[PDB]
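A.B. asks: Sequence lines, in order, name chains A and D. Here the authors' numbering is used: the first residue of the first sequence is 117, the next is one more, and so on. Here the authors' numbering is used: the first residue of the second sequence is 694, the next is one more, and so on. Below you'll find the structure I mean.
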Amino acid sequence: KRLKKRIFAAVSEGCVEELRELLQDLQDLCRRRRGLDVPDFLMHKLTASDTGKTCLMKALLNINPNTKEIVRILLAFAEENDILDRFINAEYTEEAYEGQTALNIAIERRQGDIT
Amino acid sequence: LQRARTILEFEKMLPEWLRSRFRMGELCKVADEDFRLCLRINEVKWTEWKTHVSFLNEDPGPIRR
């Protein structure tokens, strides 16, 4: 169940219902492995194995007139498992355009409101 | 026009297999089956400050790798 490819799709379109079902599913899978990697494994399920890109970086790529609700529930998920500081201030680590947090995109996407 | 008048004639008197690949070749279109049509890359400057809806990639400068 490649949930990453599902949720990278689901933010590319921006269906909040499809996103929420992905959100309920991955959190339910997180509760099954409540061992030691409760900040680590969830991050790796958000982290691109190539590029370091999270869903949030993918989110600010494709603009959408639904995205204010999209990011909001996404951050509510980030605060839910206490990962937000590691999540938000995560940067591009694929050493091409490196050091790029998604905050960079938010000014570049001229969306100062949600920024 | 006159240097353009020349340059095709050299190519016209070039029946090789055209090793001089002058172009990005078969670079894919947005159409899911049409991954064809060799393309070009060019550069634009400051006007029309706005959000950009349509794009193709995750914005590198050259191609990746």
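Using N, Cα and C, we set each Cβ at its ideal position, and we do this for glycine too.
So which residues of chain A does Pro753/D contact, with C-beta pairs closer than 9 Å?
C.D. replies: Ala212 and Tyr213
A.B. asks: Closer than 7 Å by beta-carbon distance: list the chain A residues that pair up with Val746/D, in chain order.
C.D. replies: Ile179
A.B. asks: With 16 other CB atoms within 10 Å as the buried threshold, where does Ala192/A fall?
C.D. replies: exposed
A.B. asks: Using a Cβ-Cβ distance cut-off of 9 Å, determine whether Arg757/D contacts chain A.
C.D. replies: yes
A.B. asks: Could you tell me whether any Cβ in chain D is nearer than 9 Å to the Cβ of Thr167/A?
C.D. replies: yes
A.B. asks: Determine the extent of the alpha helix (DSSP H) in which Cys171/A is found, giving its start and end residues.
C.D. replies: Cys171 to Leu177
A.B. asks: In angstroms with no decimal places, state the Cα-to-Cα distance between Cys171/A and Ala125/A.
C.D. replies: 10 Å
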